[PDB]
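# Descriptive analysis of the structure
Next come the chains, spelled out residue by residue.
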Amino acid sequence: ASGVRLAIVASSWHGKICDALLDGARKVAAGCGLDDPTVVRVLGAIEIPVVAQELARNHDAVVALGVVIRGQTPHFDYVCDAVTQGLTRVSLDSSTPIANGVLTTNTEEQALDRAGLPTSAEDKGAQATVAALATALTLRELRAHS
Amino acid sequence: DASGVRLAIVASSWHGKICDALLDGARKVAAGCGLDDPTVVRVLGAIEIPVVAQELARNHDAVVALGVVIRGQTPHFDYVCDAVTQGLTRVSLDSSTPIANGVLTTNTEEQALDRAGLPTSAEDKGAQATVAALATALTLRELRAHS
Amino acid sequence: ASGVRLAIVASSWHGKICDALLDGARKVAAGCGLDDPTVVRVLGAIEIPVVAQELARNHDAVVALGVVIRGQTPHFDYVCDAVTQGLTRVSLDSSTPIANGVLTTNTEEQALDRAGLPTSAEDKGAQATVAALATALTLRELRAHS
Amino acid sequence: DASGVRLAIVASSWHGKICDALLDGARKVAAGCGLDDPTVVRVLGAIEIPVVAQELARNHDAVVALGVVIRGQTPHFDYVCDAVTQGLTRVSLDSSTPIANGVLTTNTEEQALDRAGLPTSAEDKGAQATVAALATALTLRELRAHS
Amino acid sequence: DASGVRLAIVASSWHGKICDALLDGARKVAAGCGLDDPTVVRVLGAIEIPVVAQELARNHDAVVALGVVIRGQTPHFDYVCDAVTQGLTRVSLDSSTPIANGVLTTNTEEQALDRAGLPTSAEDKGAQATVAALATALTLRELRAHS
Ligand SMILES: O=c1[nH]c(=O)c2c([nH]1)n(C[C@@H](O)[C@H](O)[C@H](O)CO)c(=O)n2CCCCCCOP(=O)(O)O
Ligand SMILES: O=c1[nH]c(=O)c2c([nH]1)n(C[C@@H](O)[C@H](O)[C@H](O)CO)c(=O)n2CCCCCCOP(=O)(O)O
Ligand SMILES: O=c1[nH]c(=O)c2c([nH]1)n(C[C@@H](O)[C@H](O)[C@H](O)CO)c(=O)n2CCCCCCOP(=O)(O)O
Ligand SMILES: O=c1[nH]c(=O)c2c([nH]1)n(C[C@@H](O)[C@H](O)[C@H](O)CO)c(=O)n2CCCCCCOP(=O)(O)O
Ligand SMILES: O=c1[nH]c(=O)c2c([nH]1)n(C[C@@H](O)[C@H](O)[C@H](O)CO)c(=O)n2CCCCCCOP(=O)(O)O
Ligand SMILES: [K+]
Ligand SMILES: [K+]
Ligand SMILES: [K+]
Ligand SMILES: [K+]
Ligand SMILES: [K+]
Ligand SMILES: [K+]
Ligand SMILES: [K+]
Ligand SMILES: [K+]
Ligand SMILES: [K+]
Ligand SMILES: [K+]
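Residues numbered from 1 in each chain as written, not as in the entry; some residues may be left out. Chains lettered and ligands numbered in written order. Heavy atoms only, no water.

As summarised from the PDB record, the model derives from X-ray crystallography at a stated resolution of 2.80 Å.

This is the structure we're talking about:
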C-alpha cells in the first residue's frame, strides 16, 4: 500500500479515547509503508463530514475517528443520524472510501474496551484503516490501467 | 482567533426565554473571538430553520442554528426533530459550509433550562455550538487554496 | 403581508377535521390582507409532496394540512416518514417555506383538540399559516432589493 | 372521465395470493374510470419496485406500486420497508409524477388478508391507491400549462 | 435464458465462514443460468460495499451485494445497517441498475447460519438475491429500446 494517499480526521470530544483510536490508525499506516498520512482534528462529530469532503479532493482514502456516548435525552440519536447520512453521501459523491471508525456506545466502559488500550478487547481505529487501504487497492485494480 | 470569519446565527422563537439564553451564549463567544457584530435572524419554528440557513450560507463562512424542541403526548416530537436533522445535514454538504447544531431536544422543560446557560445551568449549548462553527471554518480555510 | 403569494394544499381523509384546519388557515390569511389564496385538495397525505412541488413554482409560501391517525399495524409509521422526507426535500429544492400543518396523533380525540373547533385547546392550521407568511417576509428582506 | 390518463402498475410476487387481490382491485377501478388496458409489470421483491417505477415514469402520468411485507423474527422487516419509503419518495419528486403507495406493511398474515379486498375483507388498499393516483394526475393536469 | 446478462458480485469478509456460504449460493445460481464466470470482488466491511458497487455498476447489468451484520451490546448495529440501506438504494437509482440486497441482519449468530444455505439451513439468501438481480435485468432489457 506504499502508493496510496491516506487522510485521517478525528474529533476531540473525549480526548483520551481519541488518542487511542488515532494511535491504532497510525500504526497500521506505518506497517503498510505509509510513514506520514494527513491528520486533521475537529471539535465534534457533526463537523466530520464537511472536513472529509475537502480531504477527498486530494486523497485515495479517508478515515473518520470519534466517540459518541449516550446521555439522558434523545439527543444521542440525532448526532449519530447526521454522521451516518453525511459520510455515506460524501463517499458516493467523490467515489472514495470513507472508512467509519466512530464509536457509538451506551456507557464509557464500552467505548474504552473498543479503542485499543493495553487491556481492550478490540481496536476500531486499526480495523477502519485496514478497511480503507484495502478498498483503495481494489478500486485501483478495477479502474483504468495500462 | 477568528477576526476574519463571517458568522451568521438563526434562532427560533418557540419557547422564547430559553431562546434568549441560547442566543446570549453565542454572542458572547462571538465577541470574545473578535467578532463584534454577527448576522442574527429569527424564525417562528424549528422546521423553518433549514430554509433560512441555506440563504445565509451563500454569504457567510459559518452558520449557527439555535432552538428548543420539547416532547409532548403524541409521536409528533419525533417528526419535528427528523426534519431538522435531514435539513441541516443536506445544507452543510450542498454549500460546503459548517452548519453548527445547537437545537436542544429534551424530555422535559427542566432538562432544556439546565442546558441553556442560565445562572445555575450545568452547561451552555449556545456557546459550544459557536466554538464548533468558528473552529471548523478556520480549519477549512487552512486546508483550502492559499498563497 | 399583502404582497405575499400563498398556496394551501389539504388532504381529505378524515373530512371534518380537514375543514377545521382549512378554516383556520383562511382566517389568518384574510386577517393579513390576503383575501384569496390558492386552495388545492388531495385524497391522501402521501400525495401532498408532489402537489406542493408544482405549487412552489409560482408562490412564495406553501401550507400543507392533514391528519394521520395511528392504527393496529406499523403502517402509521411509514405514512409519516414519507411526508417528512418529501416536504423537507421540496423546501430546499425550491428555496421556499413549506409550512407543516399535518397532525400526527394516537387517538381521534387528540386530533380534534388540535384543529381549532369551538372547544379545542389549539389550532395548528392557524399556527402553520403564520409560520409560512413570516418566513416569506424574512426571505424577502434578506434577498436582493433595491 | 380519467379516459386520457396513462396508468402503469408494478406489483411484487412474494406472497402471490394477496398480490393477485391487490392487483385485482386496481384493474377494476381502472376499468370503471374508462381505462381498459393499463401497463402491468411484475417483480420478485419489494426492494425491486423503485427501480422499475423509475423506468415506467418516463412514459406514464401515474404509477401504482403494490405488494406485501410481513414481519419476521429479525429486525430485517424494518430495513425492507425503509428502502421502499426512500425509493418511491425520491422517484416521485425526480420525475414530478404521482407514485401511489399500495404496499402493505403488517404484523401478521391475517392483517394483510383483511386489507387486500377479498370477499370478507374490511378494506381494499389496491383500489384506494389507484383512486389516489388517477385523481392526483388530473389535478396536476389542471394546474399545469394549458390552452 | 440469462446467458447475455453481465453479473457482478461484491461480498464482505467480516464473519468469513458465512460469507463463503452466501458467495457459494450466488455462483451456483449463476452457473445454472448459463453464466460461468461473474465478476467477484471482496471487501473488508459492509460500510465499504456501496462505494464498490457504484464502480461495478458502470460495466454490468446487475450487482449482488452479500454480507452479514450481527447485533452487539451497543446501538452501533443500528447505524451500520442504516448506511448500507441508504447507500445501495442511492446507487441503484443513480445508475438505473438492479443492486440486489443479500446482506443478512440478525439478532444472533444461529439466525445468520440458518439463512446462509449450509447443509442444514432453512433458506439461502445468496441464491434468492441472485435470482432477483438476473430477473430484474431481463425485465429492464424487455421494457427498454429494442428493435
Ligand atoms: O463527538 C462527540 N461526542 C459526543 O458525545 C457529543 C458531541 N460530539 N457533541 C457535540 C458535537 O456533536 C457538535 O460539535 C455540536 O452538535 C455542535 O454542532 C455532543 O453534544 N455530544 C454529547 C452527546 C449527546 C448525549 C449527551 C448529552 O446529554 P443529555 O442527552 O442528557 O442531554
Ligand atoms: O392523510 C391521510 N391520513 C391517514 O390517516 C391515512 C391516509 N392519508 N392514507 C392513505 C394516503 O396516505 C394515500 O393516499 C395512500 O397511501 C395512497 O398512496 C391512509 O391509509 N391513512 C390511514 C393510515 C393507516 C393507519 C390506520 C389503519 O390501521 P392499520 O394500522 O390497521 O392499517
Ligand atoms: O421549534 C419548535 N419547537 C417546538 O417545540 C414545536 C415547533 N417548533 N412546532 C412547529 C414548528 O416547528 C413549525 O413551524 C410548524 O410545524 C409549522 O410549519 C411545534 O409544533 N412544536 C411543538 C412540539 C412538538 C409536539 C409536542 C407538543 O405536544 P403535542 O404532542 O400534544 O403536539
Ligand atoms: O415483497 C416482499 N415482501 C416480503 O414480505 C419480503 C420480500 N419482498 N423480501 C425480499 C425482497 O425485499 C428482495 O427481493 C430481497 O431483499 C433481494 O434484494 C423479503 O425477504 N420479505 C420477507 C419480509 C422480511 C421480514 C422477514 C425477514 O425474516 P426474519 O426476520 O424471520 O429473519
Ligand atoms: O460486514 C460486517 N459485519 C459486521 O458484523 C461488522 C462489520 N462489517 N463491521 C465493520 C465494517 O462495517 C467496516 O469495516 C467499518 O465500519 C469500518 O469502516 C463491524 O464493526 N461489524 C460488527 C457490528 C458491530 C461492531 C461491534 C459489535 O457490537 P457491539 O460494539 O455493540 O458489541
Ligand atoms: K479521490
Ligand atoms: K481494469
Ligand atoms: K459560504
Ligand atoms: K493548502
Ligand atoms: K417560489
Ligand atoms: K439584502
Ligand atoms: K411522467
Ligand atoms: K394553468
Ligand atoms: K449499468
Ligand atoms: K420497448
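Past the structure itself, the notes keep going.
### Remarks on the packing of helix α2 (residues 48–55) of chain C against helix α5 (residues 125–143) of chain D
It is the contact of α2(C) with α5(D), at a shortest axis distance of 11 Å, that shows an interaxial angle of 5°. Compared by their axis directions, α2(C) and α5(D) come out roughly parallel. Contact with α2(C), carried on its side by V50(C), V51(C) and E54(C), involves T136(D), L140(D) and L143(D) of α5(D) and no other residues of that element. Considering only residue class, the contact of α2(C) with α5(D) consists of 4 nonpolar, 1 polar and 1 charged. (Axes fitted to C-alpha atoms, helices over the stretch in contact; angles between N-to-C directions. Helix = DSSP H or I, 4+ residues; strand = E, 2+ residues; numbered from the N terminus. Parallel < 35°, antiparallel > 145°, perpendicular 65-115°, else oblique. Contact = heavy atoms within 4.5 Å. Nonpolar A, V, L, I, M, F, W, Y, C, P; charged D, E, K, R; others polar.)

### Digging into the UniProt feature "active site" in chain A
In the numbering used here, UniProt assigns the "active site" feature to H75(A). Looking at where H75(A) falls in the secondary structure, it is placed in helix α3 (residues 75–94). Excluding residues within four positions of it along the chain, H75(A) makes contact with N101(B), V103(B), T105(B) and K125(B). (UniProt positions renumbered as here; feature names shortened; annotations may be inferred.)

### Details of unusual backbone geometry
At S96(D), a residue that is not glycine, the phi angle is positive and equals roughly 50°. We classify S96(D) as partly exposed; its relative accessible area is 26%. (Buried < 20%, exposed > 50% of the residue type's maximum accessible area, 1.4 Å probe, protein only.)

### So, the pairing of strand β1 (residues 6–11) of chain A
Residue and element names in this part refer to chain A. Counted residue by residue, β1 has 6 buried out of 6 residues, so it is predominantly covered. Neither face of β1 is open: one carries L6, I8 and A10, the other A7, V9 and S11, and all of them are buried. In the sheet, β1 pairs with strand β3 (residues 61–69) via 5 bridges, with the strands oriented parallel. Of the residues in β3, the one forming a bridge with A10 is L65. Bridge analysis of β1 against strand β2 (residues 38–42) gives 5 bridges, and the strand direction is parallel. Paired with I8 across the bridge in β2 is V39. Read from β1 through helix α1 (residues 15–31) to β2, the crossover connection turns out right-handed. (Pairing = 2+ DSSP bridges. Right-handed = clockwise from strand over helix to strand, strands pointing away.)

### Describing the site of ligand 3
Lining the immediate surroundings of ligand 3 are 19 residues, of which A46(B), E48(B), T74(B), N100(C) and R114(C) lie closest. Coverage of ligand 3 by the protein amounts to 88% of the 670 Å² it exposes when considered alone. Contributing elements (two or more residues each) for the shell around ligand 3: β3 (62–70) of chain B together with β4 (98–105) and α5 (124–142) of chain C. Here the shell around ligand 3 gets 3 residues from one element, more than from any other, and that element is β3(B). Each residue belonging to the shell around ligand 3 can be placed in one class, and the counts come to 8 nonpolar, 8 polar and 3 charged. (Near = heavy atom within 4 Å. Areas by Shrake-Rupley, 256 points an atom, 1.4 Å probe, with all protein chains shown as cover.)

### Digging into a nonpolar patch on the surface
A cluster of nonpolar side chains, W14(B), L44(B) and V130(C), forms an exposed patch at the surface whose accessible area comes to about 270 Å². Counting through the fold element by element, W14(B) comes out in the loop between β1 (7–12) and α1 (16–32). (Patch = residues over 30% accessible without salt bridge, like charges linked within 9 Å, V, L, I, M, F, W, Y side chains within 5 Å. Salt bridge = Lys/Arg side-chain N within 4 Å of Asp/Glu carboxyl O.)

### Comments concerning the environment of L118(B)
Along the polypeptide, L118(B) turns up in the loop between α4 (109–113) and α5 (125–143). Distance from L118(B) to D78(B), taken between C-alpha atoms, is 27 Å for residues 40 residues apart in sequence.

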